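Top to bottom, those sequences are chains A and B.
Using the deposited numbering, the letters of the first sequence map in sequence onto residues 0 to 16, 23 to 159, 163 to 306, 327 to 431.
Using the deposited numbering, the letters of the second sequence map in sequence onto residues 1 to 15, 24 to 161, 164 to 305, 336 to 431.
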Amino acid sequence: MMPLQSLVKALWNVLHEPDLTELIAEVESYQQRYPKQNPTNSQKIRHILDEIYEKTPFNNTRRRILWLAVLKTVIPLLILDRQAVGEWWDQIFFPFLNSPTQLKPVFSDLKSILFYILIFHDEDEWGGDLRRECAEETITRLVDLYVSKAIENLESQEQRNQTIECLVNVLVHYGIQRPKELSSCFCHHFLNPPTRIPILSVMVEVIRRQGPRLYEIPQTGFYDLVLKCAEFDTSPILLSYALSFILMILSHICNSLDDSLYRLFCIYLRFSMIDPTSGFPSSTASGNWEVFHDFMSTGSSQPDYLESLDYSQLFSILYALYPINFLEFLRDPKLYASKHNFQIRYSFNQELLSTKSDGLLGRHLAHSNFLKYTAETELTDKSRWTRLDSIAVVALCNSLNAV
Amino acid sequence: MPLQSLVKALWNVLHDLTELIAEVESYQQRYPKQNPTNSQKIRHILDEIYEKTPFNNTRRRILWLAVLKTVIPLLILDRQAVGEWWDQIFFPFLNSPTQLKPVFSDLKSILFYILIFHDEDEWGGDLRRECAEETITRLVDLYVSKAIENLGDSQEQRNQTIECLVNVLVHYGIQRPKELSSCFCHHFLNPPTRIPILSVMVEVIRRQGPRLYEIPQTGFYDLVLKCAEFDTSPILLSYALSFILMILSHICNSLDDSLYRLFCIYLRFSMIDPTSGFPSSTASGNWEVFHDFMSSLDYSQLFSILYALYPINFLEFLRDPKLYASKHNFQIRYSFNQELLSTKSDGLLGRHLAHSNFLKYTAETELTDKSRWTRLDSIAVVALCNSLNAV
């Protein structure tokens with residue numbers, strides 16, 4: 000007998016006065038009746054919520070606490086659409102993120118709400134494509150806000169920080185579960201120079217965690233843009249993140265490798281030739297790309333574990349997988365290039381290249397490809413990549429041995 | 001006159025080849041590829057020479073093989089011609105072979121000239137393949153027949171024949187494991203062919219050359235598995251297990267479809283008893299069980345392989361095998377002592393780290409989830425990079 004009416008009753012009560026015991030009980034009670042989300046009750050509850058917003062809004066901490074506490078608990082009753090999540094953005098999320106309450110449990114509550122929308126199993130759950138569309142809208146707004154906040158000039165440095173801190177947290181949590189989706193939002197903005205550092209720092213943090221689905225990222229064209237970054241930009245800090253990112257995502261590909269091989273050769277070249285005085289070899293290129301130099305009138329803070337992710341590991345993976353061509357390429361890059369239809373866009377000192385490269389080469393066992401393939405058949409001949417799945421199994425079993 | 005120069009030389013030698029060897033050089037110049045009429049001639053000559061001077065004693069063989077070795081790249085042969093050579097040369101040698109290594113060396117030189125080739129079309133039509141396949145078949149047939157047949161009055167003569175055959179078969183296998191596996195298939199169905207065949211087959215696998223992932227297409231793998239679950243003989247079962255352990259790494263795909271069979275074989279091999287030996291099974295079907303008296337790479341390795349890769353099911357299957365068997369539909373052939381399975385498996389389990397699969401999959405998603413097997417690419421790349429670090 001009237002469970003919508005009891006809910007609205009309880010709802011009304013708790014917003015005019023933080024004890025939610027009555028309300029939680031009604032939600033539980035109510036769900037036993039509408040165990041799937043009801044489109045007219047959603048509509049109704051939202052009008053109640055909007056009504057009360059006019060009366061007592063989000064303008065002080067005690068109210069924000071109350072609001073987040075309540076929204077977090079009703080939102081499983083509602084169906085939302087792209088217009089709706091816009092309303093919550095403007096009424097709740099933007100005002101919090103733009104000037105966040107410095108109490109962790111309040112932010113925790115924000116994150117419950119955000120993440121209820123962002124993360125879900127059934128796409129059919131609110132009818133049609135509503136579920137997916139609200140996630141797409143929310144994340145696009147978070148990303149857009151993050152990117153812009155990371156770049157605008159300034163109203164107290166401390167407060168701007170408080171906002172990025174929240175956004176980075178949220179975006180890393182979202183990234184480790186939805187790496188494709190996040191990379192995809194990031195593509196858009198990444199073509200804009202000053203965004204590259206704030207974006208990459210989030211994307212390397214996502215990928216650090218070595219969570220699942222990392223192999224989806226290249227479909228989105230984000231891996232391509234990181235290579236571009238690595239091929240053309242100039243800022244040590246950015247190229248530093250650039251390399252880190254590609255080093256972590258590489259073992260997850262083997263497939264997008266046979267199309268970026270030459271590009272990785274060139275990247276290896278450039279990073280190995282870094283100069284104390286002239287930094288990274290400048291390119292003669294861009295094309296459409298638009299370079300990011302450091303001091304560019306004429327974010328940041330690289331994490332401590334990224335130093336150990338240098339060009340020496342790039343060598344190891346290239347040598348392990350494409351030794352013949354790799355060493356053929358080193359030793360004469362410009363010659364290798366002309367015969368494989370690409371260009372070297374860096375002035376470099378060949379002796380130095382050959383000394384440094386020797387140095388690393390000497391830490392490696394001799395590669396048995398030289399007994400089996402030619403430089404040309406190393407490239408063709410996909411039979412090679414079977415060996416690989418035998419070596420997997422054996423390493424798997426050894427990983428599982430105790431002693 | 002080009003060809004006659006050659007033929008004089010062949011007449012000459014058969015009664024120190026330098027002249028012959030040199031005439032073959034000039035011949036090859038005028039006829040870069042093999043010539044069908046010239047070939048026919050030369051073999052027709054050889055056959056006459058055979059009449060009056062054959063393969064019947066040990067100075068003649070050193071000689072014959074030496075010659076046939078050097079001339080044979082000129083020739084073109086067919087299923088019926090290798091029959092001629094089988095009949096005059098190969099069979100009589102292998103049958104009572106000359107105890108001199110360089111003599112047997114020349115033999116192999118010739119055999120492998122036929123068996124291995126870098127060009128299907130070389131002799132026109134589909135001739136090269138025909139020959140290879142004919143020779144390999146006859147080599148197989150004699151190994152099989154010579155291995156089983158009971159011997160009358164001659165046992166050191168026997169060992170010498172198989173010593174050669176084995177040596178030829180293994181060399182062949184390591185280059186052409188698909189092909190050798192095929193030939194062995196029909197013989198394998200016959201109970202006593204199984205040991206001699208496997209002992210050759212493990213020795214091919216052992217060498218971990220290419221391309222062993224072709225073998226299961228031939229059904230040899232399936233036959234060895236049938237062997238593993240039904241046969242009684244320690245020795246043969248011991249080879250069976252050795253074969254599968256060394257073949258398994260190279261599969262990762264036939265695994266999804268032999269899993270329940272592998273579980274059953276792990277059960278059987280671990281339940282081996284000092285007195286009743288392997289669990290005597292009960293089904294066979296049409297298999298025809300090899301027994302013994304008709305008248336160091338063991339089960340812990342298999343445990344490791346199944347625990348990595350299919351931990352949840354493997355362990356759900358131990359603890360209650362018969363139960364696992366219904367619900368997945370196969371059955372358990374053996375009686376066994378459950379508390380002893382539970383004890384033996386606990387010993388091995390305890391040598392292993394705990395498995396991340398229990399945090400990510402159900403028994404059913406562990407079986408039906410293609411995403412899982414993509415982790416593999418990643419780990420392999422890393423192991424590889426580490427194999428190539430030098431300290």
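In this text, a Cβ means the ideal position worked out from N, Cα and C, and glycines have one as well.
>> Please tell me whether A/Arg391 has its Cβ less than 7 angstroms away from any Cβ of chain B.
In response: Residue 391 of chain A sits at position 363 when you count from the first residue of the first sequence. Residue-level contact check: A/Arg391 touches chain B, since one or more beta carbons of chain B fall below 7 angstroms from its beta carbon.
> Which whole-angstrom value is the C-beta distance of B/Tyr223 and B/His260, which I expect to be below 8 angstroms?
Replying inline: Looking up residue 223 of chain B in the second sequence gives position 213. Looking up residue 260 of chain B in the second sequence gives position 250. Confirmed, about 5 angstroms.
> According to DSSP, is A/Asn46 helix, strand or coil?
Replying inline: For the purposes of this step, residue 46 of chain A is taken as the residue at position 41 of the first sequence. In this structure, A/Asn46 counts as helix in the three-state DSSP scheme.
> By Cβ distance below 8 angstroms, which residues in the same chain neighbour A/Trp413 in space, the five residues on each side in sequence not counted?
Replying inline: Numbered from 1 along the first sequence, position 385 holds the residue referred to as residue 413 of chain A. Sequence-distant Cβ neighbours of A/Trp413 in its own chain, meaning closer than 8 angstroms and more than five residues away, are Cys262.
> For B/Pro226, does the count of other Cβ atoms within 10 angstroms reach 16, so buried, or fall short, so exposed?
Replying inline: As a position in the second sequence, residue 226 of chain B is number 216, starting the count at 1. So B/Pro226 counts as buried.
>> Which of the three DSSP states is assigned to B/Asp283 in this structure?
In response: Counted from its first residue, the second sequence places residue 283 of chain B at position 273. In this structure, B/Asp283 counts as strand in the three-state DSSP scheme.
> Does DSSP classify B/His392 as helix, strand or coil?
Replying inline: Mapped onto the second sequence, residue 392 of chain B falls at position 352. Under the three-state reduction of DSSP output, B/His392 falls in the strand class.
> By DSSP, does A/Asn169 sit in helix, in strand, or in coil?
Replying inline: Residue mapping note: residue 169 of chain A aligns to position 161 of the first sequence, counting from 1. The answer is helix: DSSP assigns A/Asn169 an H, G or I state.
> Mind listing which residues of the stretch 340-357 of chain A have their C-beta closer than 8 angstroms to chain B's C-betas, in chain order?
Replying inline: Of all residues in the stretch 340-357 of chain A, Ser344, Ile345, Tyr347, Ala348, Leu349 have a Cβ within less than 8 angstroms of some Cβ in chain B.
>> Looking at the secondary structure, which residues open and close the alpha helix (DSSP H) in which B/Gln88 lies?
In response: For this step, residue 88 of chain B is matched to residue 80 along the second sequence. In the DSSP annotation of this structure, the continuous segment of the alpha helix (DSSP H) that includes B/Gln88 starts and ends at 87-93.
> Counting along the chain, where does the alpha helix (DSSP H) carrying B/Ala403 start and finish?
Replying inline: Here the question's residue 403 of chain B lines up with position 363 in the second sequence. Start and end: 403-407.
>> Restricting to Cα atoms, I'd like to know which of A/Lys49, A/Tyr364, A/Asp24, A/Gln4 is closest to A/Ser34.
In response: Position 29 of the first sequence holds residue 34 of chain A. Ranking A/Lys49, A/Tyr364, A/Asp24, A/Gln4 by Cα distance to A/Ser34 puts A/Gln4 first.
> For B/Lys236, does the count of other Cβ atoms within 10 angstroms reach 16, so buried, or fall short, so exposed?
Replying inline: Taking the first residue of the second sequence as position 1, residue 236 of chain B is located at position 226. B/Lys236 should be labelled buried.
> What are the partner residues of B/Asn429, as DSSP defines its beta bridges?
Replying inline: As a first step, residue 429 of chain B must be located in the second sequence, where it is residue number 389. DSSP lists A/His392 as partners of B/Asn429.
>> Counting C-beta neighbours from all protein chains within 10 Å, is the total for A/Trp11 16 or more, i.e. buried, or is it exposed?
In response: Mapped onto the first sequence, residue 11 of chain A falls at position 12. With fewer than 16 Cβ atoms within 10 Å of its Cβ, A/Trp11 is classed as exposed.
> Candidates B/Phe288, B/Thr145, B/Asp129: which alpha carbon is nearest B/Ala238's?
Replying inline: On the second sequence, position 228 is the one that residue 238 of chain B refers to. Closest option to B/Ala238, judged by alpha-carbon separation, among B/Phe288, B/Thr145, B/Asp129: B/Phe288.
> What is the DSSP secondary structure of A/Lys400, reduced to helix, strand or coil?
Replying inline: Translated into positions along the first sequence, residue 400 of chain A becomes position 372. Correct three-state label for A/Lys400: coil.
> Checking contacts by CB at 7 angstroms: is A/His15 closer than that to chain B?
Replying inline: Stepping through the first sequence from its first residue, residue 15 of chain A is reached at position 16. At a cut-off of 7 angstroms between beta carbons, A/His15 makes no contact with chain B.
>> Which residues in chain A have a C-beta closer than 8 angstroms to the C-beta of B/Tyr223? List them in chain order.
In response: Within the second sequence, residue 223 of chain B is the residue found at index 213, counting from 1. Within chain A, the residues near B/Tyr223 are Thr414.
> Can you check whether the CB of B/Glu130 is closer than 7 angstroms to the CB of B/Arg137?
Replying inline: By 1-based counting over the second sequence, the position of residue 137 of chain B is 129. By 1-based counting over the second sequence, the position of residue 130 of chain B is 122. Taking the C-beta atoms as reference points, B/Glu130 is found no nearer than 7 angstroms to B/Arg137.
> Counting Cβ pairs closer than 8 angstroms, one from the stretch 242-250 of chain B and one from the stretch 198-205 of chain B, do we hit at least three?
Replying inline: Using a Cβ-Cβ distance cut-off of 8 angstroms, the stretch 242-250 of chain B and the stretch 198-205 of chain B are in contact, since at least three pairs of beta carbons, one from each stretch, lie closer than that value.
>> Does A/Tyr374 come out as helix, strand or coil in the three-state DSSP assignment?
In response: The sequence position of residue 374 of chain A within the first sequence is 346, counting from 1. Coil at A/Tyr374, not helix or strand.
>> Is B/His126 close to chain A? Criterion is C-beta to C-beta, closer than 7 angstroms.
In response: Reading the second sequence from its first residue, position 118 is the one you call residue 126 of chain B. Chain A places no beta carbon closer than 7 angstroms to that of B/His126, leaving this residue out of the contacts.
> Can you list, in chain order, the residues of its chain whose CB lies under 7 angstroms from that of A/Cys174, leaving out five sequence neighbours each side?
Replying inline: Looking up residue 174 of chain A in the first sequence gives position 166. Same-chain partners within the cutoff: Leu102, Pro105, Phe112.
> Below 7 angstroms between beta carbons: does that hold for B/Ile372 and B/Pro361?
Replying inline: As a first step, residue 372 of chain B must be located in the second sequence, where it is residue number 332. As a first step, residue 361 of chain B must be located in the second sequence, where it is residue number 321. In this structure, B/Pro361 lies closer than 7 angstroms to B/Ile372 by Cβ.
>> Let's test the definition: count the other Cβ atoms within 10 Å of the Cβ of A/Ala9 and tell me whether it reaches 16, buried, or not, exposed.
In response: Residue numbering aside, residue 9 of chain A sits at position 10 when the first sequence is read from its first letter. Buried, because 16 or more other Cβ atoms sit within 10 Å of the Cβ of A/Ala9.
> Beta carbon of B/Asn353, beta carbon of B/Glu404: below 7 angstroms?
Replying inline: Position 313 of the second sequence, counted from the first residue, corresponds to residue 353 of chain B. Position 364 of the second sequence, counted from the first residue, corresponds to residue 404 of chain B. Going by C-beta atoms, B/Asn353 is not nearer than 7 angstroms to B/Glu404.
> Does the pairing of the stretch 375-388 of chain B with the stretch 266-282 of chain B give three or more beta-carbon distances under 8 angstroms?
Replying inline: Flag = yes, the stretch 375-388 of chain B and the stretch 266-282 of chain B touch.
> A/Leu199 and A/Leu190 look like a contact to me (Cβ under 8 angstroms); what is the Cβ gap, rounded to whole Å?
Replying inline: As a working mapping, residue 199 of chain A is identified with position 191 in the first sequence. As a working mapping, residue 190 of chain A is identified with position 182 in the first sequence. Incorrect: roughly 16 angstroms between the Cβ atoms, too far for contact.
> Comparing the C-beta of A/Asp129 with each C-beta of chain B, is any distance below 7 angstroms?
Replying inline: Within the first sequence, residue 129 of chain A is the residue found at index 124, counting from 1. For A/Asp129, the answer is no, since every Cβ of chain B falls outside 7 angstroms of its Cβ.
>> Residues in the same chain with beta-carbon distance under 7 angstroms from B/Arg217, minus the five sequence neighbours each way, listed in chain order, please.
In response: Numbered from 1 along the second sequence, position 207 holds the residue referred to as residue 217 of chain B. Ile184, listed in sequence order.
>> Quick check on the burial criterion: 16 or more other C-beta atoms within 10 angstroms. Buried or exposed for B/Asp161?
In response: As a position in the second sequence, residue 161 of chain B is number 153, starting the count at 1. The residue in question, B/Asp161, is exposed, as its Cβ has fewer than 16 Cβ neighbours within 10 Å.
> Taking C-beta to C-beta, are B/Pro100 and B/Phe125 nearer than 7 angstroms?
Replying inline: Here residue 100 of chain B refers to the residue found at position 92 of the second sequence. Here residue 125 of chain B refers to the residue found at position 117 of the second sequence. Between B/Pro100 and B/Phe125, the C-beta spacing is not below 7 angstroms.
> What's the C-alpha gap between B/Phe370 and B/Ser294?
Replying inline: In the second sequence, residue 370 of chain B corresponds to position 330, counting from 1. In the second sequence, residue 294 of chain B corresponds to position 284, counting from 1. Across the structure, B/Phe370 and B/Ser294 are spaced so that their CA atoms are roughly 14 angstroms apart.
> Does A/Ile184 get closer than 7 angstroms to chain B when you measure Cβ to Cβ?
Replying inline: As a working mapping, residue 184 of chain A is identified with position 176 in the first sequence. No, A/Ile184 lies away from the interface with chain B (no Cβ there is under 7 angstroms from its Cβ).
> By the 10 Å Cβ neighbour count, where 16 or more other Cβ atoms means buried, how is B/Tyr39 classified, buried or exposed?
Replying inline: For this step, residue 39 of chain B is matched to residue 31 along the second sequence. B/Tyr39 comes out exposed.
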